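Q: Supplied in structure tokens, the structure appears directly below.
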Amino acid sequence: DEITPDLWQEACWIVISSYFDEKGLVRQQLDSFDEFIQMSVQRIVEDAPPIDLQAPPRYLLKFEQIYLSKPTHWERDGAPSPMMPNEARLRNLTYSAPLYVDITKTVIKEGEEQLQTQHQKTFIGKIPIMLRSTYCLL
Amino acid sequence: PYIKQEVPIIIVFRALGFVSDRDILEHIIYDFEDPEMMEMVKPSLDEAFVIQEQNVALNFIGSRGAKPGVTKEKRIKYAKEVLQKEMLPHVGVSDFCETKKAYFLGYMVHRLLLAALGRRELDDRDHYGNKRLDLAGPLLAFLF
Amino acid sequence: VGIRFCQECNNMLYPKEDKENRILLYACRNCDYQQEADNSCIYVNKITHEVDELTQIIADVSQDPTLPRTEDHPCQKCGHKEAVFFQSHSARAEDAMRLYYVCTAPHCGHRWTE
Amino acid sequence: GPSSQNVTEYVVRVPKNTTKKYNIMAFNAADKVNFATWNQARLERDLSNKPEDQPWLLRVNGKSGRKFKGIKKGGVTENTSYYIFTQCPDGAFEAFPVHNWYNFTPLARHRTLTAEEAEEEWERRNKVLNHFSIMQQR
Amino acid sequence: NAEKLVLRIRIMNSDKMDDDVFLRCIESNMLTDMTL
Amino acid sequence: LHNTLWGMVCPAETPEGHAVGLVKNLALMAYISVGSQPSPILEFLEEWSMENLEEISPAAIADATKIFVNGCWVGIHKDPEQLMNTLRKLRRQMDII
Amino acid sequence: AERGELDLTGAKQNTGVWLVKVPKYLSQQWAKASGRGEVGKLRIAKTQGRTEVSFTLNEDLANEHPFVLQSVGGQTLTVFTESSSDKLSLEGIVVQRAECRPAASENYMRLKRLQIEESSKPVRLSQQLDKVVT
RNA sequence: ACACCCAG
Ligand SMILES: [Zn+2]
Ligand SMILES: [Zn+2]
């Protein structure tokens, strides 16, 4: 119906409790990093111009969807393993995740031989990952 | 930007495409009934009496650039590049987005004439609505 | 008091003196257009700046939720009891601490300063 | 009378393809144009570049009459549409989509200061007096 | 005793800069750098 | 401490010495905006009765309110009362804004 | 008589045309009809002191739209065309300006959300891989 | 070198 004045003190702190149970305390750090990987990183790759090459054969390197995996650690054996946040603090590692890009390469040459080859998930480096974000392991 | 020393505001209006004084003052002065804002734009028109074409306005802008050209067409092309790509990029960077730029530059001077008249209060720098916060999102996107 | 624009090159007219009749002659100094006016005034300046603030007050201000409202001063040509009052608080207005009242009724932008 | 309760009701027709494409003259209200004076109109692309992406040049009544430059609008009609309803003897309105929007501004005809002459004119910055006398020399 | 306290200024008779802007320029001199 | 730091910058917490007043902290309920595309808002405005900026003449601006989306002038409007009532209702319903 | 000459015989006849702005769904429905001959019907009603213009959608196309007028004195608009034979011509001068609105006020929002969903259909975002790529 | 921080 209507919140009475004597019941307002319980009512307002219940509302604030629902905010901090849902949003949290460091939500500005996580939301900005989430928009950076989910939206900004994709936007940079699309906005980047295609590569034109000459010297005649012509090459176009079109970029496509970004794939980002869980933060992994490569040992001396070369065997990948999921990096723990505790292991990064202990063994002085960097809490980074691999960044994979999809690239479609199209060759342009005389003779009606425009071949479109595609390389799936090309490794182009690692991106440090904020803890407790949606792209972290936790 | 990319210009060493200052230029009059009626020059860059004539460089943008609108060269007649009726089109320039229709961009700046929205209502011609009040004489006060028409009075303070009078010295600006008198300063730009020398320039009368668009091309000579582009020549005057390019002659004061950071990189001085050699031929007449060289500094005109350079001045057209800074008039289009580095002048108000948020309004638009395209070959035919010049009417929107002059309206914003018309609103540039109209905000300036209102504050000189005291019609609206000057926007202080320490007002925190005039501030933005760069979190980890926009900062990492600037690196990337 | 006001200067018209050119009918030929769309520039701004400017005063000029002629010796053939000794009459005010607004002449465009870009092209060769000629025009005889009848206002017979060139420049006026409000030195004490007694500008009528009632014209510059926008009539749509009455619906601002952040402005106070009182029923003590009723509308003159509208008859509504309550109205919105505020101060101009602007430069070139000397003291600028005297109330301006705007009626809050729709389709009535009457402003009185009392 | 009949005009007080007039019942007029016409059909709208949208053709699929048309052999002619439609664009727009736009003129300023303060320009005070007159179509009765226009006994000759010439429309051509300007030679300032030296084709489709170039501004249009309109010449009216030759060099004696006024001249205009057509400039395409900055925006695009991706989410907006403009149609022209043309009166016909058959009475069925013909909805014609637009292709592009052009804006026209007049060009003043008079003796204009040369750029080389303008640089000689620029020394008298604020010491310039009798701006009438500038056009007397030119 | 007049309500409109009008004071009239005119330039001398035998007068390359025109008088339409000379009287503008001297009016600014009267209200900036003149001591009553 | 400016007057507009109410509710989203802590008025009490501030370091001492050379840094006083420059290093600030968020309040408890402060939420910094994450950013969004202005395309749905611009699509809604052009769909509405708002006239385009290049469409109008430079004479109807005086009796109309300019519309600014992300600081860019995009057009004018003649009915600002109905526009705010529509825009605020659409944000509360979380339909497009 | 020239290739670059503009024909203005339509302007001499004082031909009157109307410029109308319509939403995307009405243009998409007209495009999907592929011009059968009739896609809608126009209703004009005049009272003793007011004029109302409305557009009625065809019942075949679906399986009201008001045309409230705007001031014309702000600008001067005339319409022309260019042909495949490169013969420039002018039809007439715009006399009345009209704009179209949807009749639904609150139930129109579900069509707008699907349009936003279709607009966000081809946009991409970075995905997540459960396993590192080898 | 820079950040953070103690005292007045
Ligand atoms: Zn003139
Ligand atoms: Zn009233």
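Scheme for the structure tokens: letters A, B, ... for chains in order shown; per-chain residue numbers from 1; ligand numbers from 1 in order shown.
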Show which residues sit within 12 Å of residue H:6, as a ChimeraX atom specification. Count only C-alpha atoms (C1' of nucleotides), and ignore same-chain residues fewer than 4 positions away.
A: /F:15-17
Q: Could you tell me which residues of chain C sit within 8 Å of chain B when counting only C-alpha atoms, and give me the result as a list in words?
A: residues 1, 2, 5, 9, 10, 11, 12, 90, 91 and 92 of chain C
Q: Mind listing the residues within 7 Å of ligand 2, only C-alpha atoms (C1' of nucleotides) and all ligand atoms counted, as a short mmCIF file (atom, residue, chain, number, x, y, z; two decimals) with N, CA, C and O atoms, in the first residue's frame?
A:
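Final file, part_32.cif:
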```cif
data_model
loop_
_atom_site.label_atom_id
_atom_site.label_comp_id
_atom_site.auth_asym_id
_atom_site.auth_seq_id
_atom_site.Cartn_x
_atom_site.Cartn_y
_atom_site.Cartn_z
N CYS C 75 -2.04 35.57 -11.09
CA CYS C 75 -1.80 35.99 -12.46
C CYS C 75 -2.75 37.11 -12.85
O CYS C 75 -3.91 37.15 -12.43
N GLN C 76 -2.26 38.04 -13.67
CA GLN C 76 -3.03 39.23 -14.01
C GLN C 76 -4.05 38.95 -15.10
O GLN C 76 -5.26 39.08 -14.87
N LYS C 77 -3.60 38.55 -16.28
CA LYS C 77 -4.49 38.30 -17.41
C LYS C 77 -4.97 36.86 -17.47
O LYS C 77 -5.68 36.50 -18.42
N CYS C 78 -4.59 36.03 -16.51
CA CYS C 78 -4.94 34.62 -16.48
C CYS C 78 -5.84 34.25 -15.32
O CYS C 78 -6.73 33.41 -15.48
N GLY C 79 -5.63 34.85 -14.15
CA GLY C 79 -6.46 34.58 -13.00
C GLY C 79 -6.06 33.38 -12.17
O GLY C 79 -6.74 33.08 -11.18
N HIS C 80 -4.99 32.68 -12.53
CA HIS C 80 -4.53 31.55 -11.73
C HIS C 80 -3.86 32.04 -10.46
O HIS C 80 -3.10 33.02 -10.48
N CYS C 103 3.52 33.01 -14.58
CA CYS C 103 2.33 32.21 -14.32
C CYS C 103 2.56 30.77 -14.74
O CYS C 103 3.20 30.49 -15.75
N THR C 104 2.04 29.84 -13.94
CA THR C 104 2.26 28.42 -14.15
C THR C 104 1.15 27.73 -14.91
O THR C 104 1.22 26.52 -15.11
N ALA C 105 0.12 28.45 -15.32
CA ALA C 105 -0.96 27.83 -16.08
C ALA C 105 -0.48 27.51 -17.50
O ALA C 105 0.31 28.27 -18.07
N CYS C 108 -0.31 30.10 -21.04
CA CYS C 108 -0.31 31.46 -20.51
C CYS C 108 1.12 31.76 -20.07
O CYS C 108 1.53 31.35 -18.98
N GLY C 109 1.86 32.47 -20.91
CA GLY C 109 3.23 32.80 -20.60
C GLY C 109 3.39 34.23 -20.14
O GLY C 109 4.40 34.87 -20.44
N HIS C 110 2.40 34.74 -19.40
CA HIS C 110 2.46 36.11 -18.93
C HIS C 110 3.47 36.24 -17.81
O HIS C 110 3.44 35.49 -16.84
#
```
Q: Enumerate residues in contact with ligand 1: an atom-to-atom distance of at most 9 Å, counting only C-alpha atoms (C1' of nucleotides) and all ligand atoms. Format the result as a list in words.
A: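 If we count only C-alpha atoms (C1' of nucleotides) and all ligand atoms, the neighbours of ligand 1 turn out to be residues 5, 6, 7, 8, 9, 10, 11, 12, 13, 27, 28, 29, 30, 31, 32, 33 and 34 of chain C; 108 of chain D.
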Q: Taking only C-alpha atoms into account, produce a table as JSON lines in which each residue of chain G with an atom at most 8 Å from an atom of chain A appears once, together with its shortest atom pair and the distance in Å to one decimal, ordered by chain and rising number.
A:
```
{"residue": "G:124", "atom": "CA", "partner": "A:65", "partner_atom": "CA", "distance": 6.8}
{"residue": "G:125", "atom": "CA", "partner": "A:38", "partner_atom": "CA", "distance": 5.6}
{"residue": "G:126", "atom": "CA", "partner": "A:66", "partner_atom": "CA", "distance": 4.9}
{"residue": "G:127", "atom": "CA", "partner": "A:67", "partner_atom": "CA", "distance": 5.3}
{"residue": "G:128", "atom": "CA", "partner": "A:68", "partner_atom": "CA", "distance": 5.3}
{"residue": "G:129", "atom": "CA", "partner": "A:69", "partner_atom": "CA", "distance": 4.4}
{"residue": "G:130", "atom": "CA", "partner": "A:69", "partner_atom": "CA", "distance": 6.4}
{"residue": "G:131", "atom": "CA", "partner": "A:69", "partner_atom": "CA", "distance": 6.6}
{"residue": "G:132", "atom": "CA", "partner": "A:69", "partner_atom": "CA", "distance": 5.9}
{"residue": "G:133", "atom": "CA", "partner": "A:121", "partner_atom": "CA", "distance": 7.4}
```
Q: Please dump the current selection as a PDB file, in the first residue's frame; keep C-alpha atoms.
A:
```pdb
ATOM      1  CA  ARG G 124      29.533  -9.158 -32.779  1.00  0.00           C
ATOM      2  CA  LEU G 125      30.973  -9.533 -29.291  1.00  0.00           C
ATOM      3  CA  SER G 126      33.966 -11.517 -28.072  1.00  0.00           C
ATOM      4  CA  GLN G 127      33.083 -15.040 -26.978  1.00  0.00           C
ATOM      5  CA  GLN G 128      34.566 -17.267 -24.270  1.00  0.00           C
ATOM      6  CA  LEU G 129      36.490 -20.493 -24.846  1.00  0.00           C
ATOM      7  CA  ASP G 130      36.201 -23.227 -22.233  1.00  0.00           C
ATOM      8  CA  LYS G 131      39.528 -24.696 -23.397  1.00  0.00           C
ATOM      9  CA  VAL G 132      42.754 -23.104 -24.594  1.00  0.00           C
ATOM     10  CA  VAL G 133      43.319 -23.395 -28.342  1.00  0.00           C
TER      11      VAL G 133
END
```
Q: What residues in chain D have any atom no more than 10 Å from chain E when counting only C-alpha atoms, and can you write them as an MDAnalysis selection string?
A: chainID D and resid 129:131 133
Q: Excluding residue B:5 and its own-chain neighbours fewer than 2 positions away, which residues fall within 10 Å of it when counting only C-alpha atoms (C1' of nucleotides)? Please give them as a list in words.
A: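 Contacts, with the query itself left out: residues 1, 2, 3, 7, 64, 65 and 66 of chain B.
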Q: Skipping near chain neighbours, those fewer than 6 positions away, what residues fall within 12 Å of stretch 72-85 of chain F using only C-alpha atoms (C1' of nucleotides), listed as a short mmCIF file (atom, residue, chain, number, x, y, z; two decimals) with C-alpha atoms, in the first residue's frame?
A:
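Contents of part23.cif, freshly written:
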```
data_model
loop_
_atom_site.label_atom_id
_atom_site.label_comp_id
_atom_site.auth_asym_id
_atom_site.auth_seq_id
_atom_site.Cartn_x
_atom_site.Cartn_y
_atom_site.Cartn_z
CA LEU B 88 35.41 18.79 -34.39
CA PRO B 89 35.78 15.06 -35.08
CA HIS B 90 32.78 14.23 -32.90
CA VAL B 91 30.45 16.22 -35.15
CA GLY B 92 31.54 14.12 -38.12
CA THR B 99 26.74 21.87 -42.53
CA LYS B 100 26.67 20.14 -39.15
CA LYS B 101 30.13 21.50 -38.34
CA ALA B 102 29.16 25.10 -39.03
CA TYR B 103 25.99 24.80 -36.95
CA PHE B 104 28.12 23.58 -34.05
CA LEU B 105 30.57 26.38 -34.78
CA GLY B 106 27.54 28.64 -34.94
CA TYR B 107 26.64 27.32 -31.51
CA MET B 108 30.28 27.86 -30.52
CA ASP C 60 8.31 27.84 -20.53
CA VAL C 61 10.24 28.15 -17.24
CA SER C 62 7.07 27.71 -15.17
CA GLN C 63 7.18 23.90 -15.33
CA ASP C 64 10.61 23.57 -13.72
CA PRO C 106 -0.59 26.12 -19.47
CA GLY D 74 25.92 14.96 -44.15
CA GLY D 75 23.37 12.47 -42.88
CA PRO F 38 23.97 6.27 -28.93
CA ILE F 41 18.57 6.90 -28.80
CA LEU F 42 19.25 8.60 -32.14
CA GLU F 43 17.00 6.09 -33.91
CA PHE F 44 14.22 6.87 -31.43
CA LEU F 45 14.57 10.64 -31.83
CA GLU F 46 14.45 10.63 -35.63
CA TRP F 48 9.76 10.82 -33.17
CA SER F 49 8.62 14.31 -34.18
CA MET F 50 12.18 15.69 -33.97
CA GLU F 51 13.27 17.40 -37.19
CA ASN F 52 16.74 16.76 -38.58
CA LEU F 53 19.49 19.35 -38.28
CA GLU F 54 20.19 19.70 -42.00
CA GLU F 55 16.48 19.58 -42.85
CA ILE F 56 15.53 22.78 -41.01
CA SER F 57 16.28 26.39 -41.94
CA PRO F 58 18.35 28.63 -39.63
CA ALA F 59 15.22 30.56 -38.66
CA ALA F 60 13.12 28.11 -36.61
CA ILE F 61 15.91 27.49 -34.09
CA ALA F 62 14.96 30.52 -31.98
CA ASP F 63 11.52 29.19 -30.99
CA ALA F 64 12.73 25.59 -30.55
CA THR F 65 14.95 23.57 -28.24
CA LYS F 66 18.20 22.11 -29.54
CA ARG F 91 14.10 4.88 -19.23
CA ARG F 92 11.97 3.79 -16.28
CA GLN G 70 4.04 21.13 -40.45
CA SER G 71 4.79 24.76 -41.26
#
```
Q: As a PyMOL selection string, list the residues of chain A assigned to alpha helix (DSSP H) by DSSP on the backbone atoms of this structure.
A: chain A and resi 8-22+27-35+41-47+85-90
Q: Just N, CA and C atoms for this one: save the residues we selected as a compact mmCIF listing (two decimals), in the first residue's frame.
A:
```
# COMPACT_ATOMS: atom_id res chain seq x y z
N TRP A 8 9.69 3.15 7.76
CA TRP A 8 10.62 3.58 6.71
C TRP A 8 12.05 3.17 7.02
N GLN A 9 12.45 3.15 8.29
CA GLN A 9 13.83 2.82 8.65
C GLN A 9 14.17 1.38 8.28
N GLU A 10 13.23 0.46 8.47
CA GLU A 10 13.46 -0.90 8.01
C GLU A 10 13.40 -0.98 6.49
N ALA A 11 12.57 -0.15 5.86
CA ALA A 11 12.34 -0.27 4.43
C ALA A 11 13.53 0.22 3.62
N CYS A 12 14.16 1.31 4.06
CA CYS A 12 15.26 1.88 3.29
C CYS A 12 16.49 1.00 3.35
N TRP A 13 16.78 0.42 4.51
CA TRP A 13 17.97 -0.41 4.64
C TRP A 13 17.79 -1.77 3.97
N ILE A 14 16.55 -2.21 3.78
CA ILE A 14 16.30 -3.40 2.98
C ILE A 14 16.60 -3.11 1.51
N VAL A 15 16.24 -1.91 1.05
CA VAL A 15 16.51 -1.51 -0.33
C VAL A 15 18.01 -1.44 -0.58
N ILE A 16 18.76 -0.85 0.36
CA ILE A 16 20.21 -0.76 0.22
C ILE A 16 20.84 -2.14 0.29
N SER A 17 20.28 -3.03 1.10
CA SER A 17 20.78 -4.40 1.17
C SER A 17 20.64 -5.11 -0.16
N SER A 18 19.55 -4.86 -0.87
CA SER A 18 19.36 -5.48 -2.17
C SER A 18 20.34 -4.93 -3.19
N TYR A 19 20.76 -3.68 -3.03
CA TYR A 19 21.72 -3.10 -3.96
C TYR A 19 23.09 -3.74 -3.78
N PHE A 20 23.55 -3.84 -2.54
CA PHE A 20 24.90 -4.33 -2.29
C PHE A 20 25.00 -5.84 -2.43
N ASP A 21 23.89 -6.56 -2.31
CA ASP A 21 23.90 -7.99 -2.59
C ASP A 21 23.95 -8.26 -4.08
N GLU A 22 23.46 -7.35 -4.90
CA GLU A 22 23.41 -7.53 -6.34
C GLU A 22 24.60 -6.88 -7.02
N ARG A 27 31.98 -2.64 -8.20
CA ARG A 27 31.28 -2.90 -9.44
C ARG A 27 31.72 -1.97 -10.56
N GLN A 28 32.27 -0.80 -10.24
CA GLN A 28 32.75 0.07 -11.31
C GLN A 28 34.01 -0.48 -11.96
N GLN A 29 34.83 -1.21 -11.21
CA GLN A 29 36.03 -1.81 -11.78
C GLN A 29 35.67 -2.98 -12.68
N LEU A 30 34.73 -3.82 -12.26
CA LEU A 30 34.41 -5.02 -13.02
C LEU A 30 33.61 -4.68 -14.27
N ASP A 31 32.65 -3.75 -14.18
CA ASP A 31 31.81 -3.42 -15.33
C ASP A 31 32.62 -2.80 -16.45
N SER A 32 33.56 -1.92 -16.12
CA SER A 32 34.37 -1.30 -17.16
C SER A 32 35.28 -2.32 -17.83
N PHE A 33 35.88 -3.23 -17.05
CA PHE A 33 36.70 -4.27 -17.66
C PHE A 33 35.85 -5.25 -18.45
N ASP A 34 34.62 -5.49 -18.02
CA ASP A 34 33.74 -6.38 -18.78
C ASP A 34 33.35 -5.76 -20.11
N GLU A 35 33.10 -4.46 -20.13
CA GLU A 35 32.78 -3.79 -21.38
C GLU A 35 34.02 -3.67 -22.26
N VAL A 41 37.13 -4.53 -27.19
CA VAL A 41 38.15 -5.27 -27.92
C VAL A 41 37.62 -5.76 -29.25
N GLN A 42 36.36 -6.20 -29.28
CA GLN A 42 35.72 -6.56 -30.54
C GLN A 42 35.60 -5.35 -31.45
N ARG A 43 35.30 -4.18 -30.88
CA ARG A 43 35.11 -2.98 -31.68
C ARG A 43 36.41 -2.49 -32.29
N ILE A 44 37.54 -2.69 -31.61
CA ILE A 44 38.82 -2.24 -32.15
C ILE A 44 39.21 -3.08 -33.36
N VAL A 45 38.97 -4.39 -33.29
CA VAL A 45 39.35 -5.29 -34.37
C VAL A 45 38.50 -5.03 -35.62
N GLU A 46 37.20 -4.78 -35.44
CA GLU A 46 36.35 -4.48 -36.58
C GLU A 46 36.68 -3.12 -37.19
N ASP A 47 36.94 -2.11 -36.36
CA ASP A 47 37.20 -0.77 -36.86
C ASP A 47 38.56 -0.66 -37.54
N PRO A 85 44.57 -17.99 -9.47
CA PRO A 85 44.92 -16.67 -8.93
C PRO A 85 45.91 -16.74 -7.79
N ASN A 86 45.86 -17.81 -7.00
CA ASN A 86 46.84 -17.98 -5.93
C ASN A 86 48.22 -18.31 -6.48
N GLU A 87 48.28 -19.10 -7.55
CA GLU A 87 49.57 -19.44 -8.13
C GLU A 87 50.23 -18.23 -8.75
N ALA A 88 49.44 -17.32 -9.31
CA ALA A 88 50.00 -16.10 -9.87
C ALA A 88 50.62 -15.22 -8.79
N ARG A 89 49.99 -15.15 -7.62
CA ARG A 89 50.56 -14.38 -6.52
C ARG A 89 51.78 -15.06 -5.94
N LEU A 90 51.84 -16.39 -5.98
CA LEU A 90 52.95 -17.11 -5.37
C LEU A 90 54.16 -17.16 -6.30
```
Q: Write out as a Markdown table a residue-level contact list of chain G versus chain D with cut-off 7 Å: for each qualifying residue the closest pair of atoms and the distance in Å to one decimal, counting only C-alpha atoms, rows sorted by chain and residue number upward.
A:
```
| residue | atom | partner | partner_atom | distance |
| --- | --- | --- | --- | --- |
| G:4 | CA | D:43 | CA | 5.4 |
| G:5 | CA | D:42 | CA | 4.9 |
| G:6 | CA | D:41 | CA | 5.4 |
| G:16 | CA | D:87 | CA | 6.9 |
| G:17 | CA | D:86 | CA | 5.1 |
| G:18 | CA | D:85 | CA | 5.3 |
| G:19 | CA | D:84 | CA | 5.1 |
| G:20 | CA | D:83 | CA | 5.6 |
| G:21 | CA | D:82 | CA | 5.0 |
| G:22 | CA | D:81 | CA | 5.9 |
| G:23 | CA | D:80 | CA | 6.5 |
| G:24 | CA | D:79 | CA | 6.2 |
| G:34 | CA | D:16 | CA | 6.0 |
| G:35 | CA | D:15 | CA | 5.3 |
| G:37 | CA | D:13 | CA | 5.7 |
| G:38 | CA | D:13 | CA | 5.5 |
| G:39 | CA | D:13 | CA | 6.6 |
| G:40 | CA | D:12 | CA | 6.1 |
| G:41 | CA | D:11 | CA | 5.3 |
| G:42 | CA | D:10 | CA | 5.8 |
| G:43 | CA | D:9 | CA | 5.4 |
| G:44 | CA | D:8 | CA | 5.9 |
| G:45 | CA | D:7 | CA | 6.3 |
| G:46 | CA | D:5 | CA | 6.0 |
| G:47 | CA | D:4 | CA | 6.1 |
| G:48 | CA | D:4 | CA | 5.7 |
| G:74 | CA | D:29 | CA | 6.4 |
| G:75 | CA | D:29 | CA | 4.8 |
| G:76 | CA | D:27 | CA | 5.6 |
| G:77 | CA | D:26 | CA | 5.2 |
| G:78 | CA | D:25 | CA | 5.7 |
| G:79 | CA | D:24 | CA | 5.1 |
| G:80 | CA | D:23 | CA | 6.0 |
| G:81 | CA | D:22 | CA | 4.2 |
| G:82 | CA | D:21 | CA | 5.4 |
| G:83 | CA | D:20 | CA | 4.0 |
| G:84 | CA | D:20 | CA | 5.9 |
```
Q: Counting only C-alpha atoms, which of A:25, A:127, A:84, A:3 gets nearest to chain B?
A: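 The shortest atom-to-atom distance to chain B comes from A:127.
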Q: What does the distance between atom CA of residue C:86 and atom CA of residue B:111 come to in Å, to one decimal place?
A: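 Atom CA of residue C:86 sits 22.9 Å away from atom CA of residue B:111.
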Q: Give me the residues within 12 Å of residue D:124 as JSON, numbers by chain, counting only C-alpha atoms (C1' of nucleotides) and dropping any in the same chain fewer than 3 places off.
A: {"B": [47, 48, 49, 50], "D": [118, 119, 120, 121, 127, 128, 129, 130, 131, 134]}
Q: Could you write out that same residue set with N, CA and C atoms as a compact mmCIF listing (two decimals), in the first residue's frame?
A:
```txt
# COMPACT_ATOMS: atom_id res chain seq x y z
N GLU B 47 36.94 42.50 -39.28
CA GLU B 47 38.27 41.92 -39.35
C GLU B 47 38.43 41.03 -40.58
N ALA B 48 37.36 40.35 -40.98
CA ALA B 48 37.40 39.43 -42.11
C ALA B 48 36.87 40.06 -43.39
N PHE B 49 37.09 41.36 -43.58
CA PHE B 49 36.65 42.01 -44.81
C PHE B 49 37.53 41.65 -45.99
N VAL B 50 38.77 41.25 -45.74
CA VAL B 50 39.70 40.98 -46.83
C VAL B 50 39.30 39.71 -47.57
N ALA D 118 45.29 39.75 -51.31
CA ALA D 118 44.80 39.68 -49.93
C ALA D 118 45.94 39.69 -48.93
N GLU D 119 47.08 39.08 -49.27
CA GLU D 119 48.22 39.08 -48.37
C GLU D 119 48.83 40.47 -48.25
N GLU D 120 48.81 41.26 -49.33
CA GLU D 120 49.24 42.65 -49.24
C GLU D 120 48.26 43.49 -48.44
N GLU D 121 46.99 43.09 -48.42
CA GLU D 121 45.94 43.78 -47.70
C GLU D 121 45.96 43.46 -46.20
N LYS D 127 44.56 48.95 -38.06
CA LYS D 127 44.78 50.28 -38.63
C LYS D 127 44.01 50.49 -39.93
N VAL D 128 43.27 49.49 -40.40
CA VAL D 128 42.47 49.63 -41.62
C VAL D 128 41.29 50.56 -41.36
N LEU D 129 41.11 51.54 -42.24
CA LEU D 129 40.04 52.52 -42.14
C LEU D 129 39.47 52.72 -43.53
N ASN D 130 38.19 53.11 -43.58
CA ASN D 130 37.45 53.32 -44.83
C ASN D 130 37.45 52.06 -45.69
N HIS D 131 36.76 51.04 -45.18
CA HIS D 131 36.63 49.77 -45.90
C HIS D 131 35.90 49.94 -47.24
N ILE D 134 38.60 50.07 -49.92
CA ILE D 134 39.23 48.83 -50.34
C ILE D 134 38.65 48.37 -51.67
```
Q: One decimal, Å: what's the distance from atom CA of residue B:140 over to atom CA of residue A:132, could you say?
A: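 Result for atom CA of residue B:140 versus atom CA of residue A:132: 17.3 Å, one decimal.
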Q: Compile the contact shell of stretch 49-57 of chain D as JSON, numbers by chain: residues with an atom at most 9 Å away, counting only C-alpha atoms (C1' of nucleotides), same-chain residues fewer than 4 positions apart removed.
A: {"B": [95, 96], "D": [42, 43, 44, 45, 67, 68, 69, 70, 71, 72, 102, 104]}
Q: When the cut-off is 10 Å and we count only C-alpha atoms, which residues of chain C are near chain E, given as an mmCIF file with N, CA, C and O atoms, in the first residue's frame?
A:
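Once written, iface.cif looks like this:
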```cif
data_model
loop_
_atom_site.group_PDB
_atom_site.id
_atom_site.type_symbol
_atom_site.label_atom_id
_atom_site.label_comp_id
_atom_site.auth_asym_id
_atom_site.auth_seq_id
_atom_site.Cartn_x
_atom_site.Cartn_y
_atom_site.Cartn_z
ATOM 1 N N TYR C 14 25.685 49.042 -44.411
ATOM 2 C CA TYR C 14 26.518 49.937 -43.633
ATOM 3 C C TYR C 14 26.181 51.368 -44.023
ATOM 4 O O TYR C 14 25.858 51.617 -45.192
ATOM 5 N N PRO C 15 26.215 52.309 -43.086
ATOM 6 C CA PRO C 15 25.848 53.689 -43.408
ATOM 7 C C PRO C 15 26.841 54.358 -44.345
ATOM 8 O O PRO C 15 28.033 54.052 -44.349
ATOM 9 N N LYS C 16 26.322 55.285 -45.148
ATOM 10 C CA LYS C 16 27.126 56.035 -46.102
ATOM 11 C C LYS C 16 26.462 57.382 -46.339
ATOM 12 O O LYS C 16 25.234 57.478 -46.368
ATOM 13 N N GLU C 17 27.280 58.415 -46.505
ATOM 14 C CA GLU C 17 26.807 59.776 -46.723
ATOM 15 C C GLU C 17 26.887 60.119 -48.204
ATOM 16 O O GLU C 17 27.911 59.874 -48.849
ATOM 17 N N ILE C 42 21.850 55.055 -36.436
ATOM 18 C CA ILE C 42 23.003 54.234 -36.777
ATOM 19 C C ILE C 42 23.403 53.323 -35.624
ATOM 20 O O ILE C 42 23.563 52.117 -35.804
ATOM 21 N N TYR C 43 23.567 53.885 -34.431
ATOM 22 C CA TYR C 43 24.066 53.135 -33.287
ATOM 23 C C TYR C 43 23.438 53.667 -32.014
ATOM 24 O O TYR C 43 23.422 54.877 -31.787
ATOM 25 N N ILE C 47 23.841 52.421 -21.951
ATOM 26 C CA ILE C 47 24.991 52.638 -21.077
ATOM 27 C C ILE C 47 24.687 52.173 -19.660
ATOM 28 O O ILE C 47 25.493 51.479 -19.032
#
```
